[PDB]
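J.:
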Amino acid sequence: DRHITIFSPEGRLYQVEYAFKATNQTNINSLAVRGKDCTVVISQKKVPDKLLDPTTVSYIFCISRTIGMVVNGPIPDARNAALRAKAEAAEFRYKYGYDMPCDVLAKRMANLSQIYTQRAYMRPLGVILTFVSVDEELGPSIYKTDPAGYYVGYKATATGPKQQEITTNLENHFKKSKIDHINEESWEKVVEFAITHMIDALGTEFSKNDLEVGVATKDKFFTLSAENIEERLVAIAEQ
Amino acid sequence: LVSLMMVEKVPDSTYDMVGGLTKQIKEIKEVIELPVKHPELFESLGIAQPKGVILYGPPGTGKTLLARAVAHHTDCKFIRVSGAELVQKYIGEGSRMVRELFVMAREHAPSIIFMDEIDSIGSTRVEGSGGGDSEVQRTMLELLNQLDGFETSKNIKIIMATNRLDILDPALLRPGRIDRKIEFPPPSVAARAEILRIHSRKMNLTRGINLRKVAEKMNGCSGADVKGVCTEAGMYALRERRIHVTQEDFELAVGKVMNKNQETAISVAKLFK
Amino acid sequence: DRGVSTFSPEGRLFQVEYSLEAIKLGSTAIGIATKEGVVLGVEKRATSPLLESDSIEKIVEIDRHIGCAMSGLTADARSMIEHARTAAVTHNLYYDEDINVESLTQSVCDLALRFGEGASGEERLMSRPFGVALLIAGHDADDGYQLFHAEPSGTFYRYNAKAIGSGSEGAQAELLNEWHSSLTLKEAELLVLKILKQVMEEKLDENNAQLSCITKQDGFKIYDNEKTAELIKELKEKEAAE
Amino acid sequence: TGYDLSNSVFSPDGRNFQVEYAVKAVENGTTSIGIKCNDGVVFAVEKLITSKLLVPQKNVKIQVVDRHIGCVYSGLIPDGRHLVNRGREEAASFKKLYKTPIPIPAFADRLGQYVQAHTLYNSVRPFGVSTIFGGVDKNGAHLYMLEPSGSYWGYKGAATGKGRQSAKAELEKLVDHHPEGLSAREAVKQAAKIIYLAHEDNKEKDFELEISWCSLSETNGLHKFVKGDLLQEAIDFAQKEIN
Amino acid sequence: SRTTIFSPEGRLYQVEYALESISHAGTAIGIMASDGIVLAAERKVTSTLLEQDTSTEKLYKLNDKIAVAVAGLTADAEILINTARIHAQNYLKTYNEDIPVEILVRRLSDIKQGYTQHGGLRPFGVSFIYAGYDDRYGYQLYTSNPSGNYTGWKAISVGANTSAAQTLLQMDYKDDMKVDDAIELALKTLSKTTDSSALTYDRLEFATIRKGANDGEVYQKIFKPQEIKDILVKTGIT
Amino acid sequence: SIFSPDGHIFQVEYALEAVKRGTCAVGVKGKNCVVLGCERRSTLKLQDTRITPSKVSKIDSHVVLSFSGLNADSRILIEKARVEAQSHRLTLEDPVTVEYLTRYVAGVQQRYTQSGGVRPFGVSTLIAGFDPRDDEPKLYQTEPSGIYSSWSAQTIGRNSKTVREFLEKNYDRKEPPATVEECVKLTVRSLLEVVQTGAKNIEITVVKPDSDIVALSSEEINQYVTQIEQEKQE
Amino acid sequence: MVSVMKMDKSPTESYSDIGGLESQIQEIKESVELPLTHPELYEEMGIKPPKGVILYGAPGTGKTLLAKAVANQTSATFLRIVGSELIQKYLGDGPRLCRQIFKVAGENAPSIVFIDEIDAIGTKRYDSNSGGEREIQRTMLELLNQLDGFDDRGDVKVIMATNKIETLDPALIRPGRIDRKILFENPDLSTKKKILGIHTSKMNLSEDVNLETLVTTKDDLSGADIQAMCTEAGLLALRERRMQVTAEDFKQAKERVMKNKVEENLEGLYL
Amino acid sequence: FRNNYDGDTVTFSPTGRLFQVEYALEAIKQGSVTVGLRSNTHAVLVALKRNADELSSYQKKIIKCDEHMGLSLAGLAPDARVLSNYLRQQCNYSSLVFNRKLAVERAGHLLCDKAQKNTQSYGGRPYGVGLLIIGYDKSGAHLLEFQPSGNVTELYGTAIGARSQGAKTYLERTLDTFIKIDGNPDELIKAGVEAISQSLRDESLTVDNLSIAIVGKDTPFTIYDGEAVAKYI
Ligand SMILES: Nc1ncnc2c1ncn2[C@@H]1O[C@H](COP(=O)(O)OP(=O)(O)OP(=O)(O)O)[C@@H](O)[C@H]1O
Ligand SMILES: Nc1ncnc2c1ncn2[C@@H]1O[C@H](COP(=O)(O)OP(=O)(O)OP(=O)(O)O)[C@@H](O)[C@H]1O
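Residue numbers (the deposited numbering), protein chains in the order written: chain A, 13 to 251; chain J, 133 to 405; chain E, 9 to 250; chain G, 6 to 248; chain C, 8 to 245; chain D, 9 to 242; chain I, 167 to 437; chain F, 2 to 234.
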């Protein structure tokens, strides 16, 4: 029972509760919010050795000119999910003539995880995901996945070993201003709220390289580079 | 030790406290009664005054309560082991006591024994897991059927007993080593009728009484339930300060059995029709 | 509790080497080479008299000029001979000429290897291997009356003569002592009977055994129930004399 | 304990220890490095001799996949060669497409998921190898290393075998000394130093060296092994660094 | 447990559990006169809210001369009927005549061991009752089991104490025992074997065959609740 | 299904014991006639035996079979055997021999031995009949290992040990069965030792040339069994 | 120890009144009796006849009935012990006592012994790491080594018994020591034959014989219960006062007692 | 004591080993010897043969691939045969696709790419032998080594299997010498033959227990077995 995806004696799946814990190999925390007409996503970027090329290191990908995603897990397990995304956007629009939403495409890859729990030739994947996009019909939105298939939106959320340190810290905020997403327009002037909240709630101070960023701009998704972050960090000059 | 031995203080029961049971005494007394009552009569043919017998059946019966009264109206002794007390946390204590056991009855031909439970000496299997208890079932059966048992079977009949039958050693039974067995089933309704006549002998010039009107209703197994419902029927009268009693106050006492007659919840699994 | 395609720490496989003693349960089956002909012999293991031993066929005829004799487990080998008959005849087509023996017999021992990576591009038939071994005898015009031996491990040797089965470890010693170059045919049509009379569990009959020669002049030939008997008297012509 | 017997059986720790045993197989192998120079890459490797009967310079361990690449490995000799034979046709089925050479991110994006596929199933052997590759595209210089769990990251340098602890701290002792930029020819000297410097874990035995680089400058960014005095120039030098 | 192989002494590990398992299931009997046929089944449950009215579960039909009963899984039997139904009407577009049974079962149950024989797949947790008619062997009656061996009979039970229940037909059955003289045996065959002697028309299910229509036609008649409800009084229950 | 180290097979040192449980039957090879004889459950009440699958079965106009052991694994062979029968009459235009299909089905009981996830049979069978355009009797016996033999008498079933040797006090090669009344007396004087009941517990059948098949009533049996029920007296 | 041993009181169990079998029983007399008749014959061809035998179980099927019949015949000593009675709290007491038989077997050349149901001694060589019970395993080694250390065999005879072998008894027995591992089980007819061959002695069957059908239809059973079959007819005689001996009420006992111990009867599948 | 990592192939050890393989390579240790060496111009095969009884013919040890190649084996014939019949196609394919005939060393670099396709799939064993490959091309002569592992290497001369260290030692005693030989294969051949007497556990070689077959920068493959090798003993 403790080696395969049959139903347990009592009726859980020991091979799956492991997989959630197969994520936490890295001591890494990431975060997700909704802008006004934009969005934001971030995570730690650890570098415990001197010789890397952090030009190369990344978890935050690019799937369209529209959307993006993130990972807190083993990246080899991620890339197989990463590739299968790029495919499953194309075959949608090639068959219907318009770009791939998020709500659907999670509903695909959430269907996909099930038939990794319903057969036994396959190893599942010890990752989770937080897709991000604008939508011309639905607006700024995100969706999360587990390796089982539970996928749900979030007005704003985060993940890592240390959800309790911050996830309370966010719910305390909306019980202080009480709306879904922020009342601030430009993406440049709301990422400050994210990085203001991490180090303060329970997080540790950061530097230039320590973090990485993604933004699902209207008809544009893209990462950020060093001074593009350092400038945006120096917003703290005033606060 | 003689604590196990029979008693100058016999119990006070009787095989006419025992309604519904009517036929079995005729079927089992004689092996215990007749050829020992008249060995010359039996020896007129002298087929084999057999070894002991056995009784199987559920609880709710009073197989015990039968065996309490038979030790009255005996002409013989009736010893008791207080079942499973014979064993101890050692090895050598087993066989000596069994050696002591038979001889304790050799000196008394008109005298017999009693077991209640042989669930604890049943179905010996061994590959390293087992126990010394299996060692003792042999020697008793050995000294049951050997150069020195038939002289007891000249002097003796015996009985075993339990409540679960087919969970023991068949290698025990050479039929002839046990020459007869019997069922003590649950009762009939009308068999239940004369029961409550026995124990509720407490009405006080009352009337409107229909003793038949309770095994009217029952589908149980025990006869003891006739007491369990009766005994707590009077409890109502006991609490409400009026010694008297009637049918309906006696009837809802089955409400206690409303649990027992309905405690067996049921599954909804229509996997197969 | 072993499998097929798994070595041991000692290297000696289990199952195939276990397949190299099932033969030692079976019957006896001998053939001996003379430079003017070769013989074949059998022990029917006839279990009851009512039986009609014409039906039991431990001996076959590939063609008019080649025959073999299966031992150990007579059942399964009934399949493989049909392979050999196919390759014989097939080679009798593409070249209009009888085949050399060694061109054939490599094929048969290329069959029983099929339980895992047979010849070039072989899908694994044969969940288990052939629990049977046999002897091949016949002429081709390049080497001589080259007897051949086969065993399901997937190798063949060439012999002067030897044996199989029940009487293997003991009987061959006499054969090892009593073969040479310049002997006859019929001396080998009878020397076997000195041997097989040893390791039969009953006095010989004309129906316990049977024989078949092989000749580059006529070709193949099985004998009759009686024409074994006449030479047994010829053996008793020496068993009674000496 | 009882979960450490086959592929694709995660742990309560959240792992499959079997590949973590693979790391000790590749630990049982030769030294090998490759450096990100200022304009290309370098390759150099350990190649130990058992008997004199082994010929020198007929038994390379570098492999080429196409013109603008060099790749090496360490540990299991065959297994690290298989995926090359997958490599040598993949990019060939990519130059087939838009008629241009292949990038290096195209390489790992077309390999680093492959070996992963040999850790999904209960029917195959994880490639017990660590592996290097490098070369040039239109964009410029690149370098990468692989580990048998599919992972890979863009380094400035790498190391494998039982030449780990020497070189890693050494390159830590190198980079700060020379961060300004290290051209091709000069690293060909300083590289072969390290292997003579790293054999001391196994200085019971002997070897001989094998080197290759590729420069956008020198060789038109093509792949070209070493064979000449330039090698002999370096061994004459590298002995001094250990002298 | 490796469905293919045998015991160490010539037996099977699984399948002896199966036809022993089905004993857990309900009851389904089936008899025959020289005049007509009767069938019966006691539903595993007879709670009140659910739709026991139109609950057609134990008794299905196949064509306009045949009826069956069921014992086993709800589903693994539910497919065989859709299978065998086709093998009936696919007999007809070749030949256009009506179907006989003696071809059907002999050409049906051989599917069974086909899953004992290979694939490592389990056999079918099912047994049947059969019933029907051909113009060549008269009225008929047959049965089956997860093995495949089929047996002709005059009256049979399955399920709970069927060995016990088959006794109850032993003494009472008659050769010329007519329909209305034989129907009452069935529910009386069940009026004893029941767990709940408290008996409800709801709990069971029923079916019939006759040759009621003149010109030799027949009737695959199946009986509704309030009918058999009133039939029940005829033998005199209440 | 593999090889033990004792030269045996686990699953097939087992299977042929299965046939040693079930019914018992036999045939013989008369002077100019051939016969079978088999078993039935007397006391099987509330039943009509007209339609039950007989242990006998027919394969062609001129050949028959009698299985034992299981019953399911028997039905399959007759079908694919029947195919080969009414196919062999087509391509070659001649009817079958006896050995041909025997040689065939001798092969199928190992095509269902050496493969993955395939049990052999709980079946052993034999056959009987005259070749076309000939006279000499032919009967062959089978078992799951495939080895097909030619026994002048062959029985597979319960209490069969002495039955396997009972004939040897009864049969003579140079004193074969004269006629049907004795040769069927032979057919029954064997089987009755395990019958232990009346005629109802058996079923028999016979062959003669040009497809002269017969099956005999329970009453015809009660004609002759009496004659030795009368001659089991002196 | 000696007290139980010398059981010289053979019952009226009549050897050769028993109707069981011959070949087994010559095999023991050949094993035992004839060696005590003209053992020069063994000296003719120079034979060391065996050191006792071991029957098997199949309980209620004639384990012992011969044995006390042999004791009725024994014409020598006869011995009887129990391993459970042999064993004690302290260490090596019984093992110290087990030795003391063979000298008391050295008592006699006519030295023979039955043994009582070994199933708790020498059963199986579990490691017995779990304390205490190694005493048994410490005892069997005290015997078998005593049995064949250095013995001229001194007519040190033996006959053993049990109810099931493969349950136990892995290595204790060895050939020569016990060459004859032999059997007793149901005959499949001869219970019909010679059992009532005995019991026809007393009874009358006061109307007929009826025995031509008071018989076995290959019914799986054990003829030991036939001594019930004789019984209850007399009882059912006296359930209705028949002082004579009937054949009609005799029917029930097989219909009554043989009917209890039911079998599966799953032979609607091997037809 | 009982390594459960001894079953199917793919299971690594807790130390980085495939216990199937390492327990396979001792096979050839239980197999015989077949040695070989080369000059700059001519290379050799050699093989003791292992005979059954005083009657049988002998087990063979050498096979030709094609006109410019041969080989020799150790341990098992049957799994070793198919590789011979295998690469014949991969030496005909050359001479029909191209006609630019086959270079030796890529064959080994084909051959190593075979067995590795047999270790890492459930079912299937290694082609568990060692063997020796020879021949000539435009590049001179070449000798090879084989392991069922996959490792194959360009050697001057080596040895295999039982009793082989004695012959193995002559070569290191002599690698200064035999490399400088040319056009004179006779004395070259007897180098190994004298050197493999180091292995003889008193079986004292004969006319027929030995098989030799060589190649050159001129010679096609020739076999010297039967009775022609009275030359050397
Ligand atoms: N007909 C009866 N006459 C007298 N007492 C009865 C009768 N029927 C049931 N009983 C009662 O049943 C009780 C014991 O019966 P039951 O079989 O339930 O347990 P038991 O026989 O004591 O248990 P065990 O036999 O396991 O020791 C007694 O209290 C007794 O009064
Ligand atoms: N052939 C026979 N004739 C008469 N009685 C028999 C025969 N076979 C068995 N029996 C009966 O079997 C009973 C005991 O047989 P058996 O010797 O097998 O067991 P036992 O010796 O009593 O048991 P244990 O050895 O365990 O004490 C006797 O009562 C005897 O009547």
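Positions of the beta carbon are idealized from the N, C-alpha and C atoms, including for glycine.
Using beta carbons (cut-off 8 angstroms, strictly below), is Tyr180/C in contact with chain D?
T.: yes
J.: Residues of the segment 55-85 of chain G with a CB closer than 7 angstroms to any CB of chain F: list them in chain order, please.
T.: Residues passing the 7 angstroms Cβ filter: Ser56, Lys57, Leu58, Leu59, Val60, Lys63, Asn64, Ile82, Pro83 and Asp84.
J.: Do the segment 159-171 of chain D and the segment 191-206 of chain D meet, that is, are 3 or more Cβ pairs less than 8 angstroms apart?
T.: yes
J.: At the level of alpha carbons, what is the spacing between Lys349/J and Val321/J?
T.: 8 angstroms
J.: Taking a contact to mean a Cβ-Cβ separation below 8 angstroms, would you say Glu106/F touches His143/F in this structure?
T.: Taking 8 angstroms as the Cβ cut-off, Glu106/F and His143/F qualify as a contacting pair.
J.: Candidates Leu137/A, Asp65/A and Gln56/A: which alpha carbon is nearest residue 1/A's?
T.: Absent from the structure is residue 1/A, since the part of chain A shown begins at 13 and ends at 251.
J.: Could you compute how far the alpha carbon of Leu224/D sits from the alpha carbon of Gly38/D?
T.: Rounded to whole angstroms, the separation of the alpha carbons of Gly38/D and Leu224/D is 18 angstroms.
J.: Could one say the Cβ of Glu64/C lies closer than 8 angstroms to chain J's Cβ atoms, at least one of them?
T.: Judged by the 8 angstroms Cβ criterion, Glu64/C is in contact with chain J.
J.: What are the boundary residues of the beta strand (DSSP E) that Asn70/C is part of?
T.: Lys68 to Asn70
J.: Looking at the unbroken beta strand (DSSP E) that takes in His87/G, where does it start and where does it end?
T.: It is not in any beta strand (DSSP E) - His87/G instead sits in the alpha helix (DSSP H) that spans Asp84 to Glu95.
J.: Using C-beta distances below 8 angstroms, list every residue in its chain close to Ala111/G, excluding the 5 sequence neighbours before and after it, in chain order.
T.: Within the same chain, and ignoring the five residues on either side of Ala111/G in sequence, the residues whose Cβ sits closer than 8 angstroms to its Cβ are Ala96 and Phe99.
J.: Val50/G lies in the beta strand (DSSP E); which residues open and close that run?
T.: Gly45 to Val50
J.: Does the structure place the segment 231-238 of chain E close enough to the segment 201-216 of chain E that three or more beta carbon pairs sit under 8 angstroms?
T.: yes
J.: So, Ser14/F versus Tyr165/E, is the Cβ gap smaller than 8 angstroms?
T.: no
J.: Can the beta-carbon of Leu245/I be found closer than 8 angstroms to that of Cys264/I?
T.: No.
J.: Can you check whether the CB of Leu334/I is closer than 8 angstroms to the CB of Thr289/I?
T.: yes
J.: What are the residues of the segment 42-71 of chain E that lie near chain D, defined by any Cβ-Cβ distance shorter than 8 angstroms?
T.: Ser56, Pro57, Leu58, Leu59, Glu60, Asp62, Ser63 and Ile64
J.: Rounded to whole angstroms, what is the Cα-Cα separation between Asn351/J and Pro318/J?
T.: 10 angstroms
J.: Can you find a heavy atom of ligand 2 that lies under 7 angstroms from the Cβ of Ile186/J?
T.: no
J.: Enumerate in chain order the residues of its own chain whose CB-to-CB distance from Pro127/F is below 7 angstroms, with the five nearest sequence positions on each side excluded.
T.: Around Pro127/F, the same chain offers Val22, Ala25, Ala116, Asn119, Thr120 and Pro149 as residues with beta carbons nearer than 7 angstroms, after the five sequence neighbours per side are excluded.
J.: If you drop the 5 nearest sequence neighbours on each side, which residues of the same chain put their C-beta closer than 8 angstroms to that of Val69/A?
T.: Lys57 and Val59
J.: Under 8 angstroms between beta-carbons, which chain A residues line up against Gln121/G? List them in chain order, please.
T.: In chain order: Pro88, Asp89, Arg91 and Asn92.
J.: Just to make sure I have the definition right: I need the residues of chain I whose C-beta is within less than 9 angstroms of the C-beta of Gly194/J. Which are they?
T.: Under the 9 angstroms cutoff, chain I gives no residues; its nearest Cβ is about 23 angstroms from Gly194/J.
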